[PDB]
Amino acid sequence: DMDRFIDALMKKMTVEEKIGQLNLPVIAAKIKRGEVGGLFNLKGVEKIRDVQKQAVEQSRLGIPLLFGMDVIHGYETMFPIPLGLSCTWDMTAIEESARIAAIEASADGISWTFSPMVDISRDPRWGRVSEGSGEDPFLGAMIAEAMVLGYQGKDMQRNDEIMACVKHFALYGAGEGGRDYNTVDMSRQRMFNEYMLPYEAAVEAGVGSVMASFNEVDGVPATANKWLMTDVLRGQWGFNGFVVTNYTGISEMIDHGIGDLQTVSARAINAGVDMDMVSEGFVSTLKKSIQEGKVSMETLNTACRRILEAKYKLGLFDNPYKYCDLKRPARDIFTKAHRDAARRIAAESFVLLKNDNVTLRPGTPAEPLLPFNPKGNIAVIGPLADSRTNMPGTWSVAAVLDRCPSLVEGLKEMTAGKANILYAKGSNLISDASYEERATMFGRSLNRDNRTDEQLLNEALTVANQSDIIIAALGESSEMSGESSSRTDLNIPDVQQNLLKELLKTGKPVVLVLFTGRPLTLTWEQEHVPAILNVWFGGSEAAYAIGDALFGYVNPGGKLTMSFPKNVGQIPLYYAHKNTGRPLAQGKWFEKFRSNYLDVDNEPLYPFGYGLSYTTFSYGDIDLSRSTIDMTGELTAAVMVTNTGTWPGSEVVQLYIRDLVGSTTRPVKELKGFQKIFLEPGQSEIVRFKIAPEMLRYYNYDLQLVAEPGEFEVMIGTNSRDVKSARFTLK
Amino acid sequence: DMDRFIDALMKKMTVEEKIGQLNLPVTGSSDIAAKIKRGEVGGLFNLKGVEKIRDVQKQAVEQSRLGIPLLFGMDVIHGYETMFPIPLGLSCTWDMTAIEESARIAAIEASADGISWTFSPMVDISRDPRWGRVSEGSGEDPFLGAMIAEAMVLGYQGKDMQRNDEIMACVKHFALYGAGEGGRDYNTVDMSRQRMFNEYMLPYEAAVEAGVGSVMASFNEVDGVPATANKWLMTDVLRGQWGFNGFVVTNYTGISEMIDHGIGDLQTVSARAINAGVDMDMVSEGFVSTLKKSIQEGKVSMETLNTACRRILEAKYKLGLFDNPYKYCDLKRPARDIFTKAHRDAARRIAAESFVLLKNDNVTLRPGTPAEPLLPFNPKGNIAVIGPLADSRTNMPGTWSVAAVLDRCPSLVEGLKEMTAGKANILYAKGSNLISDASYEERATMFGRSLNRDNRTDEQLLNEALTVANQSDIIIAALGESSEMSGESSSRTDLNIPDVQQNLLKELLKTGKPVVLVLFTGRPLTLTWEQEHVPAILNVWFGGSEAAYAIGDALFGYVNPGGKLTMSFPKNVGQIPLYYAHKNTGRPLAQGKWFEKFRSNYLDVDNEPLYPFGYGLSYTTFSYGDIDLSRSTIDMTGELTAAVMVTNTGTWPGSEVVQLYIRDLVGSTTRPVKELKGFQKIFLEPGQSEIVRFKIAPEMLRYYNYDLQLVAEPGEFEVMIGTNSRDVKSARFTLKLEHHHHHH
Ligand SMILES: OC[C@H]1O[C@@H](O[C@@H]2[C@@H](O)[C@H](O)[C@@H](CO)O[C@H]2O)[C@H](O)[C@@H](O)[C@@H]1O
Ligand SMILES: OC[C@H]1O[C@@H](O[C@@H]2[C@@H](O)[C@H](O)[C@@H](CO)O[C@H]2O)[C@H](O)[C@@H](O)[C@@H]1O
Ligand SMILES: OC[C@H]1O[C@H](O)[C@H](O)[C@@H](O)[C@@H]1O
Ligand SMILES: [Mg+2]
Ligand SMILES: [Mg+2]
């Protein structure tokens, strides 16, 4: 067993060698000296194999390395960005996506992924919303579990199973002004009821590692916050793994303003941080700290032990080359089967935001633009229409970017012999040339040249007037989201929005195919564009999936996991909000002396859980099996859902709960369950949810996790706004 | 003795009479005469007129069983009839003496008219210019906000409220109400205890410390409990930590609003309120309708009721109302104390002192002559005054002027007419409506602030303004908010000058005539376009009843503007919240390096406000020498002096607000990059110099640490002094636990 092995190995180690197990730098000489615990961001089974060989056969103790990478939403086969993927509301698909990525990365030498990112955010200004699963902690927790299980399986024993890392612990999504890395501040009540569940869920699914976040919490950088890293993570949740810092998280504490390198390094290890990504604070200062009594041997041994336990659990003491099969890349990476899975999952992620009836032939009843049969002349216009490198999305560091088909390319393939695909760039990404450059960093250039916006527009209107339909491929470049990609405006960029206006003015039918990493402020578009399909960033096979949606091969079923506000002045806007002492009643905007603004109502443009289909769904009244239950009972909430339209398709039936009265104020609703059903036209299904006191608990004023007696409102519907309702009492 | 008298009085009262002292209906609430007869009423508010107040007091004294006199409340916020600037504007004076004076005058007038209690000062810290109630406070900063709280309470109450022109003040809104989410009024507040004490609480404390007689509970939740039911707030902090000896009143229907908050029925929330330390029920009738049943049922004890009742009675005793219930009911005072020339003269001085000159660039008026700033200018020729704020009397006082005679204030045109008669012709055009949307204009101009928007087209209004402008030598563009675009329940998600006014502005600028933007506002606005295109921008906030004359004083150079901002002006609403006393983060963007990938910064704008905290210009300029510290190392027992030479390097005499900032460089918790720790407002003639000195003592360097202990920690500090929070000179010093006791 493990304990004996690790005792024995640790009894042989110098203080230096124990310290070295905590170092995760950016080298061959470092490894020879036992100064390296793992490496990260190295791609290639050949390279990784040789570096491992150096560790195993050229270091004193032969201790093998962890190899980390950001395998976020795929290795080479790119699934949608996680925010888009969350919109599937399909935990099976989500697990599959993480399984596939793990198969691919492990085939290439990777034993550790810095995934899943589970940070709750209600601030769409923050670029890293693209990497999470929205604003809701329940959905977030379900997804966390599915991702950890996809990567790790049961116990990481297989050679296609890798170690996961829940990030970023904790509260990183609440950075002030939506500005990446900025100050976080909240009450402990808010932490537990509104932000912490996804981290806890990952821990409880047996995630092997946790990454400390960049932000402060209660005035202490997370990386030096013992309350977080010991009392909560270990003390409350029982985490038995190790904590890794984020990139230079230790030395950044110097800038935060809590001390010099040695001081903040000691505080981090004493807080419960075990591995030091890049900063070399542990390597360069811990021995001195140990000599001065600032860090005990016991603390060092604990951190070292954790690191070694992770390597044992990965099977790296049994076989250091477990993940270095030179034969596997050809078999496992970027296969047709994987790419087909990604295409399917991509089409499942898209959210149909709008699809109004339009006068398409004179005299006929108006009908929607989507789906349509690929015939005639299909214009595909905009700066996202013919970009390969912008399809996979941010955080695709192992992808071959210029290998993904552009939207034009993919649609051309899919329509060969049936229709003509007419392309026009239409506009730049944005008017400001310097913004376009930083927005298209990391190889996402759109090849901006000297053609002016006016020239670009004029070409596009020429093409548009030769067309039977216009697909406007607009929105963000993929690096307008991700890290250090915060925005103060959330519009479709200026020149693109002008292009869209002008395309609408041709009189031809226009479908907005919207690429984004975040919620955008779309009131103008919701008013004037007949059809809007949010395609997020669908992955390496996005172009094909977009075709599947457009041509009706897939009926869109995605639902939003994050509120789309009307303007930036409404931030933060989220569905699970408190009622206030002065709630504005429905339809009463504007009312003086209620909680409301002078210039806009309180509502998002599109609420949490919103998503349309090519069919329609109708809900009966909710049947509750009990009107009362006690603290040990249960009941069933049933509703019949009928496909009332003409298309087969899926519906995410959503369960919300309102605790009507509380000893503290309680949100107007909370997501507490969901089921994704598929129905043929005319077919019905009775959807049943179990409700029990376990589900009705929350963290009260004293942070006690408790369900209080009183009345509850159970709400079931097609989104967080449009619901059927009923009540019961807890005794 | 007060204790004897109140014991004796409380020994006579029934449970219904004790409960009745806790009840505060609104009049000016049903069946008030009969409720007073029954002893069911402890106070009233919103009744104006010393005649009416005396009648009702006589009812209480002569026709209730026990004759217990009433408190009479009103929102005396920035004046009774003589209106001073709105408090946010007033705060830009950086002048505590003037602030105290404004409060003294308002107390003199209010008390003349029967009023014994003002629901002032509002001291809520806010970093969010969306929130309309920023107009009512004194900006983002706790140091300045604390000093203002003190000055206001002292102004209203004096030493001990003994005089018949001193009234009881009420610090509001306890607590954290300025952090409402989305800047939407009444919305959820949430923050750490550390943030509360370091960043929000001090001005409430400074009001308690100044002897404020009462505190008003806020509308917001704190830690998921409505403030009105938050025992931690109303007992543990207010009494347990600060030793507040007064009483707590709810805000309007605060108790019954807890039903909507979602913590129970009227009886439950009323019981929880009184048990929390709330002493008086504004309007809800929660206390009067449910407290006896609660006492029967054991939900509230007789000791809790007695404690609340006693606080109300002690307030009345401390105000001198048992001694003379008609102390403030002198029917002859109104004719000699209210809206007097002496009061109005002070209001005009204080108003001119509140204005903030945001921009005043050189303009070439005529070829061959060197360019000069538009401000100030001698009144000559043809002066156009154009805009929806140009000829509105009723919008001059500002929001929260509930006792003012709105349509007696001169409009800006009228004011400029009087001041320039015989010297210049004032030409006038409306130019635009307040905003394109009529329904918005309506809600924006409620409470008697109509601009009398008519059925003219935007074209009619604009063309009339252009005919004026093209005949004029200078254009005074009177634009911005109506007064009721700020105040309570006036939150905005856009902070621009409204659409049709900004179009008007553009068109006036296109004439080529020189334009001065005289900006009326209750809040920070997003003014990047205006800062780029308008030569001169004078922020006049809302100046009060004498605003028009004060504006003339500034434009013509009778007063040199010396206001400084107390709240950050963002470049856009997507930067909110933006405040000077922020943390460094782990990845600070170095100055001048926007944009840099992997630093804390946005893709589309830099991190900076358009105008920072403490920003403001003058008709002259001031230069700062380097800082001289009297010593470089002290210990906890010591002190040092920071000194800077400030010189008037321009051609005009003028006042400068010299501002002291301190940065605690390293902490056990992260510390802000600076915090205001002092200021001095100096007046300098052209060429003149003055050495400004600040005492720095370890007690000023204290903050609430992780464990909420108010401590100073040894380490390095940076002393910064300058003309605003951005443009500062620097010097460093070290604090130790133990240093030299003598020179050796
Ligand atoms: O005048 C007492 C307090 O009144 C509050 O303003 C109320 C408002 O909350 C209520 O909706 C309307 C209903 O007509 O009456 C106003 O007076 C203010 O929040 C307090 O600052 C003020 O002291
Ligand atoms: O790849 C490991 C972790 O890296 C962080 O992103 C860093 C960024 O913080 C740093 O400035 C640049 C330096 O080029 O490298 C990136 O890797 C991410 O925040 C983590 O999520 C990631 O797991
Ligand atoms: O239009 C001129 C004036 O008319 C009325 O006297 C209004 O009360 C006033 O606000 C306005 O300035
Ligand atoms: Mg309940
Ligand atoms: Mg320090």
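Residue numbering restarts at 1 for every chain, and letters A, B, ... go by the order of the sequence lines. Atoms within a ligand are numbered from 1 in the order they appear, just like the ligands themselves. Computed from heavy atoms alone, side chains included, the values below leave out hydrogens, waters and symmetry copies.
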Exercise for review: Show the numbers, then the answer: is there a side chain to side chain donor-acceptor pair (under 3.5 Å) between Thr632(A) and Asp630(A)?
Suggested key: CA-CA 5 Å; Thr632(A) 193; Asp630(A) 72 345; 5.4 Å; no
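Both tests pass for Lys48(B) against the ring of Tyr80(B): distance under 6.0 Å to the centre and angle within 45° of the axis. With a 6.0 Å cutoff to the six-membered ring centre and a 45° limit on the axis angle, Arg443(B) counts as a cation-pi contact of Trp589(A). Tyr597(A) does not carry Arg130(B) over the face of its six-membered ring by the limits of under 6.0 Å from the centre and within 45° of the normal. Remark: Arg666(A) qualifies as a cation-pi partner of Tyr698(A) under the 6.0 Å distance and 45° angle criteria applied to the six-membered ring.
The two residues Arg133(B) and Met122(B) come nearest to each other via the heavy atoms O-CE, 3.2 Å.
Separating the CG atom in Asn187(B) from the CG atom in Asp128(B) is a distance of 10.5 Å, to the nearest 0.5 Å.
Ring centroids of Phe247(B) and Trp117(B) are separated by less than 6.0 Å, placing the two rings close together.
Residue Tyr186(B) is tested with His261(B), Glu488(B), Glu257(B) for a side-chain hydrogen bond (donor to acceptor under 3.5 Å, both in side chains); the sole match is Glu488(B).
Excluding waters, the set of protein N/O/S atoms under 2.8 Å from the Mg ion (ligand 5) reads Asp664(B) OD1, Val666(B) O.
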What are the polar N/O contacts of ligand 1 with the protein below 3.5 Å, with distances?
unit_1   : atom_1 : unit_2    : atom_2 : d
ligand 1 : 1 (O)  : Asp75(B)  : OD2    : 2.5
ligand 1 : 6 (O)  : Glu488(B) : OE1    : 3.0
ligand 1 : 9 (O)  : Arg582(A) : NH1    : 3.1
ligand 1 : 9 (O)  : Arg582(A) : NH2    : 2.9
ligand 1 : 9 (O)  : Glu488(B) : OE2    : 2.7
ligand 1 : 11 (O) : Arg582(A) : NH1    : 3.0
ligand 1 : 19 (O) : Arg133(B) : NH1    : 3.0
ligand 1 : 19 (O) : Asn251(B) : OD1    : 3.2
ligand 1 : 19 (O) : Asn251(B) : ND2    : 3.1
ligand 1 : 19 (O) : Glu488(B) : OE1    : 2.7
ligand 1 : 21 (O) : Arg133(B) : NH2    : 3.1
ligand 1 : 21 (O) : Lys172(B) : NZ     : 2.7
ligand 1 : 21 (O) : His173(B) : NE2    : 3.0
ligand 1 : 23 (O) : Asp75(B)  : OD1    : 2.8
ligand 1 : 23 (O) : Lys172(B) : NZ     : 3.2

